[PDB]
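In structure tokens, the next block holds one chain alone, the form solved without the named molecule.
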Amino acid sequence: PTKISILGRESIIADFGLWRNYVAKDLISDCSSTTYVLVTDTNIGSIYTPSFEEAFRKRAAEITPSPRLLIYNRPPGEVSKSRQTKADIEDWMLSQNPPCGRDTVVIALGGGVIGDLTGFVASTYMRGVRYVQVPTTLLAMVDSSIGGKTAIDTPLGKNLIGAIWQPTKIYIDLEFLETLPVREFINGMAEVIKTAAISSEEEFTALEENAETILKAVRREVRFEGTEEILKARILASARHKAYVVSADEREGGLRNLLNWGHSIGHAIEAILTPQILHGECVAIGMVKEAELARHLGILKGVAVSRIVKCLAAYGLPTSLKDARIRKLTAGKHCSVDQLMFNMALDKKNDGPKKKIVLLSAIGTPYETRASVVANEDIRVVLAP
């Protein structure tokens, strides 16, 4: 049972089995309310909901009158982070009998999609209600579920409408990783590596050295036996550094830019290759190009760059828009430089039309304590595959 603090509070609980025997109980005592709304997708729900309903009803029995638990199953996939889905969950909540009010405690059970969506619904529901995060994916456990950033996508782009709404509790249950598909697991490692690359060379070395052991466990269909503590240590280091940065610059006045390393170009790449290609994968290619950019600017050494590539490759992450696997999945989708530039214009870190990108000067230490303005011409160079 490990606890991390963020923005002055110990909202993060990390352990194995939290879902089966801790969440329900904790919600009733620390998140007192008459109404609990659980949001997930048809896949995750069918596998983890039954267990929870009984754990909830068993903890609610003591309370009199017993609070209610309402479950909403959204379609799986990126398609659900939409205005439509936000509105559907909202109407559903309001039309309940009785309607869900401001005491409502929302529960986000799923990955970044469910998390981003659910968190956003909570921030604006009657101008804001409490919510908790229950990340079921590695990426969610090491990144998305922490920090309060929420959002949905629009036809014009990804994460353009949203809000920073901090969850009251963050339940990181490593047991969810037991059933997480190999690809998804690899996807999340992209964020783990990113987090280390901007904080400490020691942690990054740990990821390089742990690669094989981690991967073998992920590739063995049996699950993290003699590597548990190693897995928890890598996850926690990631979660701890984010909590640190978010605590110092919650609404991104500067420092929080760093968490976006590899995302300036990554998001551009993603807006094109999605949904066939995943977020972490895009961010992987993104870290390589942004690392190559820091090189083209005499900020980052050529050695660190190659090392960045070696680590991403070691965990099975693409490091080029030319990756054989990426092409087969996208049916050939081409990422034209002009398209990648147009998409980057919508990057949220931009100061006016000045494109800002996180630049590393060395593994473990950023160039500045924020993104850096970069001429559009210097960006064009690393965008050509």
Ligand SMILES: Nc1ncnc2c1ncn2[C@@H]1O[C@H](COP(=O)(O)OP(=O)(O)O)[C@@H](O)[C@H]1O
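The first residue of the shown sequence is 1; numbering continues from there. For the two forms, the rigid core is made up of the largest set of C-alpha atoms that agree within 1.5 Å on superposition.
There is another form of this protein, the form deposited with the named molecule bound, and it is not shown here; the text below is about that form.
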*Does the named molecule get within 4.5 angstroms of any non-hydrogen atom of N43 in the entry with it bound?*
yes
*asked:* I'd like to know whether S199 contacts the named molecule in the entry with it bound, with contact meaning heavy atoms within 4.5 angstroms.
replied: no
_Although the partner isn't part of this model, could you tell me whether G162 comes within 4.5 Å of the named molecule in the entry with it bound, counting any heavy atom of the residue?_
no
_Although the partner isn't part of this model, could you tell me whether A268 comes within 4.5 Å of the named molecule in the entry with it bound, counting any heavy atom of the residue?_
no
*In terms of non-hydrogen atoms within 4.5 angstroms, which of the given stretches 208-216, 294-302, 175-183, 232-240 touches the named molecule in the entry with it bound?*
175-183
*Identify which of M93, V113, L312, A122 has a heavy atom within 4.5 Å of the named molecule in the entry with it bound; exactly one of them does.*
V113
_Just to confirm, with a 4.5 Å cut-off on non-hydrogen atoms, which of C100, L139, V288, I89 contacts the named molecule in the entry with it bound?_
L139
*For the heavy atom contacts within 4.5 Å of the named molecule in the entry with it bound, list the residues of 287-312 involved, in sequence order.*
none
*Single mover in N73, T179, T205, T213, with Cα shift of 2 Å or more between this form and the one not shown when the core is superposed*: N73
*asked:* Quick check on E290: with the core superposed, does its CA move 2 angstroms or more between this form and the one not shown?
replied: no
_Did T150 shift 2 Å or more between this form and the one not shown, C-alpha, core superposed_ = yes
*Classify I269 as shifted (yes) or not shifted (no) between this form and the one not shown, where shifted means its C-alpha moves by 2 Å or more with the rigid core superposed.*
no
